[PDB]
Structure formats: C-alpha cells, structure tokens
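Structure first, then comments.
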Amino acid sequence: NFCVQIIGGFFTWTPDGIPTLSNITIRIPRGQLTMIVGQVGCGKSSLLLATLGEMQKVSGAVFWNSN
Ligand SMILES: Nc1ncnc2c1ncn2[C@@H]1O[C@H](COP(=O)(O)OP(=O)(O)OP(=O)(O)O)[C@@H](O)[C@H]1O
C-alpha cells in the first residue's frame, strides 16, 4: 500500500473553519522519488506540513503505513 495515502486532504490552519486546502487525493507508494513543483504560495509548505500531520485536516481519509 502507498505510505502517503490521502483521499480527502481538506487541510486547514485555522482551528475553526478557513480550509487551507481541499480535494487532495494522492497515493504515493514507498520508494517513489516524487519532486513537487508549483507556483509561489500554492499550497506547498502547507501540504508538506499536512503530510507530517502539522496541518489540521477537516475532511480527509489518511491511512499512513510503512513496510
Ligand atoms: N502554519 C501556517 N498557518 C497559517 N498559514 C500558513 C501556515 N503555513 C503556511 N501558511 C500560509 O498558507 C499558504 C500556503 O502556501 P505554501 O504552502 O505553498 O507556501 P510556501 O511553500 O512557503 O510558499 P513560497 O513559494 O512563498 O515559499 C501561504 O500563504 C502560507 O503563508
């Protein structure tokens, strides 16, 4: 199974409302070198923090797993 398994990905920073991100569905398996590119401020650092759990997720089905 993919280690980074995200279905909803409704990331947010404000504890009440204000979703910082939504509709994020990524399934990245282990040993998959995936470089991320994008525009300035287009949910890069926020996505990285949400991957480690540093960002509040409102509606997201995440099942973290390893080998
Ligand atoms: N912990 C946080 N709490 C609130 N807002 C945040 C937090 N972390 C990032 N943000 C903001 O949310 C947005 C997400 O942008 P993104 O994650 O792409 O930033 P970035 O990768 O640091 O951008 P840049 O290209 O400017 O370096 C930005 O406006 C950023 O300032």
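In UniProt numbering, the protein residues as written are 676 to 742. Where a beta carbon is used, it is the ideal one built from N, C-alpha and C, also for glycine.
Measure the C-alpha to C-alpha separation of residue i and residue j and round it to an integer number of angstroms.
i: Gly718; j: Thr695; result: 8 Å
i: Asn676; j: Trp739; result: 9 Å
i: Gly735; j: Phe685; result: 6 Å
i: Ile701; j: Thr709; result: 11 Å
Taking the beta carbon of residue i as the centre, do at least 16 other beta carbons fall within 10 Å, making it buried, or is it exposed?
i: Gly728; result: exposed
i: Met730; result: buried
i: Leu722; result: buried
Please confirm whether any heavy atom of ligand 1 lies closer than 7 Å to the CB of residue i.
i: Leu727; result: no
i: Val715; result: yes
i: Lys719; result: yes
i: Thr687; result: no
i: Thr700; result: no
Going by the CB atoms, is the gap between residue j and residue i shorter than 8 Å?
i: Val733; j: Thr687; result: yes
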